[PDB]
Amino acid sequence: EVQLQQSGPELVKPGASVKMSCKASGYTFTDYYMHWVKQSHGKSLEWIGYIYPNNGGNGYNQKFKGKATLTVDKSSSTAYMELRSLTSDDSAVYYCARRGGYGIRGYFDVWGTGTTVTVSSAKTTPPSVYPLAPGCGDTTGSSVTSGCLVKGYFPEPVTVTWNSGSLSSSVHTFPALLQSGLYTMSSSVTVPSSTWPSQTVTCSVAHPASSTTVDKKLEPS
Amino acid sequence: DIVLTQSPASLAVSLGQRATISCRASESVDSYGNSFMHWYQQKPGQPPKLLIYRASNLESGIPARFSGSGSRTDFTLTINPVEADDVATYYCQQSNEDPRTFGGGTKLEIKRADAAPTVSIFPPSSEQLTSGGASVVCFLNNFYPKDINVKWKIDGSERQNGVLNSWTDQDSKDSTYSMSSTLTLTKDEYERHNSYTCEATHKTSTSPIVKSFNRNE
Ligand SMILES: COc1cc(S(=O)(=O)O)c2ccc3c(S(=O)(=O)O)cc(S(=O)(=O)O)c4ccc1c2c43
Ligand SMILES: [Zn+2]
Ligand SMILES: [Zn+2]
């Protein structure tokens with residue numbers, strides 16, 4: 001299928017630049033215009049500009065002229081956007097999108113996987129992972145909720161999986177909130193009483209930004 | 001530049017019912033006999049996805065429950081019937097003139113029967129206590145509607161602040177929400193008091209749902 005794979009999340013200091021990529025597959029890269037679009041959390045979409053690969057020509061939203069630059073690498077079916085003089089205003093998700101249809105006025109038929117940009121001074125910090133299990137001597141009642149609290153990390157994001165994904169349907173992931181300039185999120189899973197604690201339960205927490213993974217066994221106190 | 005105003009900003013619809021989502025442009029978006037307005041669906045966490053192009057044409061792979069109408073300045077996206085996994089934000093976008101522009105989105109919520117939360121409370125882990133921190137956590141799971149108040153009590157006096165509340169997006173299978181509420185203290189303030197309570201107030205009951213523990217057991 002047509003895919004647009006975008007580069008991973010980027011943390012950049014205020015005033016610095018970032019350059020991000022969008023690799024096309026499943027079609028002829030040089031045959032289509034490539035557009036870029038800003039989405040600021042997690043609401044408004046704004047069109048940035050477009051580039052014709054093969055040829056080409058490029059153009060911009062006036063709002064993005066000083067700010068964005070579009071390039072391509074045809075040999076490697078990769079489109080690029082670079083953003084300069086970054087402010088917290090530019091912290092956002094950036095998408096590339098293929099233009100379809102017969103004309104300049106075409107719709108966007110495929111969107112890329114999105115690149116998240118954080119613009120900040122705060123330093124990359126790994127999270128502390130604490131278990132959330134019962135409790136005070138007893139379990140109650142027919143189902144048991146366990147959790148992990150993932151605390152004090154920067155930047156976003158983390159991934160929490162449970163028993164390497166064996167627990168799935170019951171998992172709740174709670175979006176991260178920023179306290180004291182560090183992120184805290186939590187994740188819960190619920191299992192049958194008759195199963196716990198005999199059947200052991202582990203949450204694995206990944207923070208790619210610090211290359212750290214932590215496993216926590218949900219022991220009872 | 002063309003402004004698109006969607007409405008409503010937010011829409012609750014029951015399973016099986018018809019959702020109507022409007023978009024008005026500040027200028028006609030018609031040219032050469034066509035209406036250059038498109039609709040996209042964005043499920044949370046995910047890239048947008050094309051539903052309808054040039055006002056009324058269904059993109060392939062998109063079910064015929066989605067349909068678009070309108071020309072000039074007024075456009076409509078209809079979802080009929082609505083299904084549990086239609087929970088998304090829908091966006092209109094014009095491409096009649098540069099720069100392309102987008103409506104501000106309409107968030108589709110599934111309306112379902114009321115459901116009380118299942119509340120679990122958890123003391124600070126001995127791990128965290130070793131760091132000198134102390135978070136008390138309360139999970140409020142599988143409730144509807146989204147609106148819920150959590151009240152934290154320490155030996156019967158209520159605490160704000162140090163409280164972080166965080167909701168999941170609406171479940172795309174059962175249409176419920178979950179919430180976590182975290183009260184963060186210092187290890188020393190934690191160890192100074194005994195009784196900790198998370199009280200959940202929701203429209204299912206005139207009566208708060210309470211979970212408690214006593215630090216000394
Ligand atoms: C009479 O002129 C027509 C007619 C059609 S039609 O196929 O629906 O008759 C068009 C159908 C589609 C058009 C498309 S689209 O495929 O990207 O939606 C773009 C343009 S455009 O103005 O040259 O960018 C057009 C410009 C003029 C166009 C049409 C398009
Ligand atoms: Zn005009
Ligand atoms: Zn759930």
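Start at 1 and count along the chain as shown; that gives each residue its number.
So this one's X-ray crystallography, 2.2 Å, going by the header.
Cβ from N, Cα, C; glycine included.
Counting same-chain residues at least six beyond the ends of the region 'Framework-1' (B:1-23), those with a Cβ under 8 angstroms from any Cβ of the stretch are 29, 37, 70, 74-84, 86, 90-94, 96-97, 99, 101-112, 175. If you look up Swiss-Prot, you'll see B:1-23 marked as region 'Framework-1'.
Residues within less than 8 Å, Cβ to Cβ, of B:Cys92 (disulfide bond) and separated from it by at least 6 positions along the same chain comprise B:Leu4, B:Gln6, B:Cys23, B:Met37, B:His38, B:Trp39, B:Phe75, B:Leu77, B:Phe102, B:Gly103. As annotated by Swiss-Prot, disulfide bond applies to B:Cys23-B:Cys92, with the evidence given as sequence analysis.
The feature region 'Complementarity-determining-1' is assigned by Swiss-Prot to B:24-38.
For the region 'Framework-2' (B:39-53), the residues of the chain that approach it from at least six positions outside its boundaries are 59, 62, 66-68, 77, 85-93, 105, 169, 172, judged by C-beta separation under 8 angstroms. Swiss-Prot lists B:39-53 with the feature region 'Framework-2'.
Break the region 'Complementarity-determining-2' (B:54-60) down by DSSP state and the numbers are 0 helix, 2 strand, 5 coil. Residues or ranges marked as region 'Complementarity-determining-2' by Swiss-Prot: B:54-60.
Under the heading region 'Framework-3', Swiss-Prot lists B:61-92.
Residues or ranges marked as region 'Framework-4' by Swiss-Prot: B:102-111. Proximity of distant same-chain residues to the region 'Framework-4' (B:102-111), defined by a Cβ-Cβ separation under 8 Å and at least 6 residues beyond the stretch ends, is recorded for 4-15, 19, 21, 23, 42, 79, 82, 84, 86-93, 146, 170, 175.
Packing around B:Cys23 (disulfide bond) is summarised by its Cβ count: 27 other Cβ atoms lie within 10 angstroms of its Cβ, all protein chains included.
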